[PDB]
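A.B. asks: There's a structure below that I have some questions on.
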Number of protein chains: 4
Amino acid sequence: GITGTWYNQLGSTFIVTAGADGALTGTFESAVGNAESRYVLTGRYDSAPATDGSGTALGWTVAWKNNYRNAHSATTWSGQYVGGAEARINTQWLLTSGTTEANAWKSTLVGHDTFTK
Amino acid sequence: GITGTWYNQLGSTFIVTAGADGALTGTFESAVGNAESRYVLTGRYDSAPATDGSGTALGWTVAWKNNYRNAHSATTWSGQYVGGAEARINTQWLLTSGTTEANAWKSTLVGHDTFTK
Amino acid sequence: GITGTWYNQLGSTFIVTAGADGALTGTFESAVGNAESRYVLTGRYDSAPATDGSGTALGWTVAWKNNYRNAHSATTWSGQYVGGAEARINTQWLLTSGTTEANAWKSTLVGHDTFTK
Amino acid sequence: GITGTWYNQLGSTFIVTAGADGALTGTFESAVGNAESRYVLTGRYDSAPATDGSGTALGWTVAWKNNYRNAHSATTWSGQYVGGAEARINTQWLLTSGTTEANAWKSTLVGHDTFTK
Ligand SMILES: O=C(O)CCCC[C@@H]1SC[C@@H]2NC(=O)N[C@@H]21
Ligand SMILES: O=C(O)CCCC[C@@H]1SC[C@@H]2NC(=O)N[C@@H]21
Ligand SMILES: O=C(O)CCCC[C@@H]1SC[C@@H]2NC(=O)N[C@@H]21
Ligand SMILES: O=C(O)CCCC[C@@H]1SC[C@@H]2NC(=O)N[C@@H]21
């Protein structure tokens with residue numbers, strides 16, 4: 001259910017593979033930020049989710065460095081995959097920039113991303 | 001650097017390998033919550049950090065399933081590594097549990113972990 | 001334009017008054033969790049927002065104690081009012097529960113609520 | 001145990017009164033950011049906490065507008081008060097700044113502040 005191409009509401013594109021070993025691999029292309037072109041992502045997901053019918057927990061990270069640019073920052077998405085005819089991957093994320101210790105207080109942005117097929 | 005065995009304020013053990021490609025790989029062992037023994041982890045980090053004094057942005061994910069147990073959940077840690085004198089990794093984290101859609105408002109915990117050696 | 005009766009995506013009811021000094025006062029009624037009927041809320045908003053299309057920052061707090069129940073918890077919403085046809089209030093919130101110190105790591109839930117009238 | 005003067009790790013000064021009804025009122029002075037002098041705060045706390053050694057849930061909001069300047073932004077702190085010889089208020093916070101809708105994705109900073117007497 002997770003393997004595939006996914007899109008968030010910012011227009012970003014999440015390309016991923018969910019391996020049988022609980023691993024997540026692919027690329028992310030931000031529609032915003034100090035970004036351009038695809039960035040490597042990787043993460044993990046629950047390969048044996050609950051019987052009851054709850055979403056499948058997962059999470060992944062992108063460090064915003066690629067051959068084209070480096071924003072000295074990383075985002076992690078934490079959320080759950082939700083099957084349906086309207087499958088969704090519902091996330092909250094944390095984006096931390098490298099800062100001096102003085103500015104550490106403002107190092108991290110927080111947001112929410114909803115991904116659709 | 002970032003490669004090594006680290007411990008957070010809770011006494012959790014974070015065993016990690018920072019690859020020249022920007023990969024993070026190791027194991028996480030949780031002192032608390034619905035967990036036992038080590039869990040696979042994967043993440044990303046800025047392989048070419050700023051030099052002026054900024055920390056090195058990083059992130060990683062744990063899906064809380066292994067050979068012994070499954071919490072049907074996953075945490076992502078987002079933070080910056082601060083090295084030199086007493087190296088530190090300062091993070092913020094999101095722990096998302098699979099849930100029913102009606103319980104989704106209460107799927108995600110938020111916190112902060114600080115790690116040293 | 002903040003003064004009014006708002007509903008979030010969960011169906012909870014936010015009845016607010018934005019005073020001329022920057023105060024938010026009213027009641028919150030949650031459709032979910034360990035709550036029933038109305039709770040006092042209080043908070044602040046930017047009385048002089050910029051005039052560049054930027055939204056209006058605000059925040060409020062509810063302690064989940066009232067004459068019928070006490071969950072021994074508090075939520076705070078931080079966000080901005082967005083004017084227009086579809087006037088909206090977009091927030092992120094933090095729900096802290098009184099825990100012991102050993103359980104504090106899991107004291108705080110995080111989410112995001114969008115309100116309309 | 002909450003009424004009085006408290007200090008966070010960043011130097012800021014939180015002067016607060018916890019009223020009998022669960023009211024938090026007072027004033028915040030920030031050592032950091034787009035702030036000068038003191039700002040009004042208001043919030044709520046659990047005035048009937050548990051007796052099982054659990055902490056006391058509370059939160060407050062600051063809108064960063066006062067007589068001297070306006071950052072067009074607001075912070076909410078959500079946390080719990082822990083008394084004893086080593087009394088503290090442990091919080092996590094969300095700082096939302098007014099922004100256009102296109103920049104809403106980067107509107108909110110998240111962090112944590114520990115307050116001491
Ligand atoms: O550091 C930067 O500015 C680039 C980060 C990428 C932009 C963020 S990550 C969270 C959110 N979801 C997206 O698709 N884009 C933004
Ligand atoms: O409880 C679960 O869902 C699985 C165990 C999670 C433990 C969390 S992850 C964030 C925090 N840091 C730790 O070392 N442990 C907790
Ligand atoms: O469960 C509790 O401890 C008290 C009820 C809190 C309900 C939460 S507050 C954030 C979210 N938005 C709502 O309208 N309800 C939930
Ligand atoms: O930057 C602004 O818009 C005004 C100053 C904000 C101060 C922030 S609120 C979170 C953090 N904790 C503090 O004590 N100060 C900063």
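Each value in this text was obtained by applying a stated rule to the coordinates, not by laboratory testing. Note that each Cβ is placed from the backbone with ideal geometry, even for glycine, and that neighbours are counted across all protein chains shown.
A.B. asks: Within the bounds of the range C:87-98, is there any residue that is more than 20 Å from D:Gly111 (Cα to Cα) and within 7 Å of another protein chain (Cβ to nearest Cβ)? Give the derivation first.
C.D. replies: If we filter the range C:87-98 for residues that are more than 20 Å from D:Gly111 (Cα to Cα), which is where we start, we get C:87-89.
From what's left, within 7 Å of another protein chain (Cβ to nearest Cβ): none.
Within the range C:87-98 (the criterion being more than 20 Å from D:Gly111 (Cα to Cα) and within 7 Å of another protein chain (Cβ to nearest Cβ)), the answer is no, since none of the residues qualifies.
A.B. asks: While we're looking at this one, here's another question. Out of the residues in the range B:65-86 that are hydroxyl-bearing (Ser, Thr, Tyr) and more than 16 Å from B:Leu24 (Cβ to Cβ), state the one that is nearest to the other protein chains (Cβ to nearest Cβ).
C.D. replies: First, the residues of the range B:65-86 that are hydroxyl-bearing (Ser, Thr, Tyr): B:68, B:73, B:75-76, B:78, B:81.
Add one more test, that the residue is more than 16 Å from B:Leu24 (Cβ to Cβ), and what stays is B:68, B:73.
Values: B:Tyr68: 13, B:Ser73: 5 Å.
Checked the range B:65-86; the qualifying residue nearest to the other protein chains (Cβ to nearest Cβ) is B:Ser73.
A.B. asks: Could you say whether any residue in the range A:46-55 is within 15 Å of A:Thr91 (Cβ to Cβ), within 8 Å of chain B (Cβ to nearest Cβ), in contact with a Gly (Cβ under 9 Å, 6 or more places away or on another chain) and within 16 Å of ligand 2 (Cβ to nearest atom)?
C.D. replies: Here is the first cut: in the range A:46-55, the residues within 15 Å of A:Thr91 (Cβ to Cβ) are A:46, A:55.
If we keep only those that are within 8 Å of chain B (Cβ to nearest Cβ) as well, we get A:46, A:55.
Next, only the ones that are in contact with a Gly (Cβ under 9 Å, 6 or more places away or on another chain) stay: A:46, A:55.
From what is left, the residues that are within 16 Å of ligand 2 (Cβ to nearest atom) are A:46, A:55.
Checked the range A:46-55: at least one residue is within 15 Å of A:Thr91 (Cβ to Cβ), within 8 Å of chain B (Cβ to nearest Cβ), in contact with a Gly (Cβ under 9 Å, 6 or more places away or on another chain) and within 16 Å of ligand 2 (Cβ to nearest atom).
A.B. asks: Yes or no: B:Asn34 assigned to a loop (DSSP other than H, G, I, E, B), more than 16 Å from ligand 1 (Cβ to nearest atom) and out of contact with any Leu (no Cβ under 7 Å at 6 or more places or on another chain)?
C.D. replies: Numbers: assigned to a loop (DSSP other than H, G, I, E, B): yes; more than 16 Å from ligand 1 (Cβ to nearest atom): yes; out of contact with any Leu (no Cβ under 7 Å at 6 or more places or on another chain): yes.
Spelling it out, B:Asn34 is indeed assigned to a loop (DSSP other than H, G, I, E, B), more than 16 Å from ligand 1 (Cβ to nearest atom) and out of contact with any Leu (no Cβ under 7 Å at 6 or more places or on another chain).
A.B. asks: For the range C:64-73, which positions are in a strand (DSSP E or B) and either hydroxyl-bearing (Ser, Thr, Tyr) or under 15 Å from C:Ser12 (Cβ atoms) (or both)?
C.D. replies: Initial filter on the range C:64-73 (in a strand (DSSP E or B)): C:64-65, C:70-73.
Hits for the range C:64-73 are C:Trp64, C:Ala71, C:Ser73.
A.B. asks: Can you say whether C:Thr114 is assigned to a strand (DSSP E or B), of a type in the set (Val, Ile, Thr), surrounded by fewer than 17 Cβ atoms within 10 Å (Cβ to Cβ) and more than 16 Å from ligand 1 (Cβ to nearest atom), as far as the supplied structure shows?
C.D. replies: Details: assigned to a strand (DSSP E or B): yes; of a type in the set (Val, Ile, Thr): yes; surrounded by fewer than 17 Cβ atoms within 10 Å (Cβ to Cβ): yes; more than 16 Å from ligand 1 (Cβ to nearest atom): yes.
For C:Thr114, the condition - assigned to a strand (DSSP E or B), of a type in the set (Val, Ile, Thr), surrounded by fewer than 17 Cβ atoms within 10 Å (Cβ to Cβ) and more than 16 Å from ligand 1 (Cβ to nearest atom) - is met.
A.B. asks: Condition test on D:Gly43, is it within 16 Å of ligand 3 (Cβ to nearest atom) and out of contact with any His (no Cβ under 8 Å at 6 or more places or on another chain)?
C.D. replies: Working: within 16 Å of ligand 3 (Cβ to nearest atom): yes; out of contact with any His (no Cβ under 8 Å at 6 or more places or on another chain): yes.
Criteria met by D:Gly43.
A.B. asks: Right, another one. Of the numbered conditions (1) of a type outside the set (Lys, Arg); (2) more than 29 Å from A:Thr100 (Cβ to Cβ); (3) surrounded by 22 or more Cβ atoms within 10 Å (Cβ to Cβ), B:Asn67 satisfies every one except a single condition; which is it?
C.D. replies: (3)
A.B. asks: One residue is enough: does the range D:5-12 have a residue meeting the conditions outside any loop (DSSP other than H, G, I, E, B), under 24 Å from C:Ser47 (Cα atoms) and either within 14 Å of ligand 4 (Cβ to nearest atom) or out of contact with any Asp or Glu (no Cβ under 7 Å at 6 or more places or on another chain) (or both)? Break it down into steps so the answer makes sense when it comes.
C.D. replies: Of the range D:5-12, the ones outside any loop (DSSP other than H, G, I, E, B) are D:5-8.
After this cut, where a residue has to be under 24 Å from C:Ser47 (Cα atoms) as well, the list is none.
Checking the range D:5-12: not a single residue is outside any loop (DSSP other than H, G, I, E, B), under 24 Å from C:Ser47 (Cα atoms) and either within 14 Å of ligand 4 (Cβ to nearest atom) or out of contact with any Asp or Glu (no Cβ under 7 Å at 6 or more places or on another chain) (or both).
A.B. asks: Exactly one condition in (1) assigned to a strand (DSSP E or B); (2) farther than 18 Å from D:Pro49 by Cβ; (3) within 16 Å of ligand 3 (Cβ to nearest atom) is false for C:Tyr81; which is it?
C.D. replies: All conditions pass for C:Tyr81, except number (3).
A.B. asks: Just checking, which of A:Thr91, A:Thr61, A:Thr76, A:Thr99 is within 13 Å of ligand 1 (Cβ to nearest atom), outside any strand (DSSP E or B) and surrounded by 21 or more Cβ atoms within 10 Å (Cβ to Cβ)? Talk me through it step by step, then tell me what you get.
C.D. replies: On the way: A:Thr91 fails: outside any strand (DSSP E or B); A:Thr61 fails: outside any strand (DSSP E or B); A:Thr76 fails: outside any strand (DSSP E or B).
After ruling out the rest, the residue left standing is A:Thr99.
A.B. asks: Please go through (1) at the interface with chain D (Cβ under 7 Å from one of its Cβ atoms); (2) in contact with a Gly (Cβ under 7 Å, 6 or more places away or on another chain); (3) aliphatic (A, V, I, L, M) for C:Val62 and return the number of the only condition it doesn't satisfy.
C.D. replies: Of everything listed in (1) at the interface with chain D (Cβ under 7 Å from one of its Cβ atoms); (2) in contact with a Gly (Cβ under 7 Å, 6 or more places away or on another chain); (3) aliphatic (A, V, I, L, M), C:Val62 misses just condition (2).
A.B. asks: Among the residues of the range B:85-94 satisfying the criterion of being within 19 Å of B:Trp60 (Cα to Cα) and touching a residue at least 24 places away in the same chain (Cβ under 8 Å), which is farthest from ligand 3 (Cβ to nearest atom)?
C.D. replies: Going residue by residue through the range B:85-94, those that are within 19 Å of B:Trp60 (Cα to Cα) are B:87-94.
Narrowing further to those that are touching a residue at least 24 places away in the same chain (Cβ under 8 Å): B:87-91.
Values: B:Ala87: 37, B:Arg88: 32, B:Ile89: 30, B:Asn90: 27, B:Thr91: 24 Å.
Among those that are within 19 Å of B:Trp60 (Cα to Cα) and touching a residue at least 24 places away in the same chain (Cβ under 8 Å), it is B:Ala87.
A.B. asks: A further question on this structure: What do you reckon, is A:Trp105 under 17 Å from B:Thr42 (Cα atoms) and either at the interface with chain B (Cβ under 8 Å from one of its Cβ atoms) or free of Cβ contacts under 8 Å to residues at least 12 places away in the same chain (or both)? First the steps, then the outcome.
C.D. replies: Values: under 17 Å from B:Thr42 (Cα atoms): no; either at the interface with chain B (Cβ under 8 Å from one of its Cβ atoms) or free of Cβ contacts under 8 Å to residues at least 12 places away in the same chain (or both): yes.
Against the criterion (under 17 Å from B:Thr42 (Cα atoms) and either at the interface with chain B (Cβ under 8 Å from one of its Cβ atoms) or free of Cβ contacts under 8 Å to residues at least 12 places away in the same chain (or both)), A:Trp105 does not qualify.
A.B. asks: Can I ask one more? What tally of residues in the range D:19-29 results from selecting those that are more than 16 Å from ligand 3 (Cβ to nearest atom), touching a residue at least 24 places away in the same chain (Cβ under 8 Å) and within 10 Å of another protein chain (Cβ to nearest Cβ)?
C.D. replies: Final tally of qualifying residues: 2.
A.B. asks: Something else about it: So in the range C:14-51, with the set limited to residues that are over 13 Å from C:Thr75 (Cα atoms) and within 16 Å of ligand 4 (Cβ to nearest atom), which one is surrounded by the most Cβ atoms within 10 Å (Cβ to Cβ)?
C.D. replies: Here the residue is C:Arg44.
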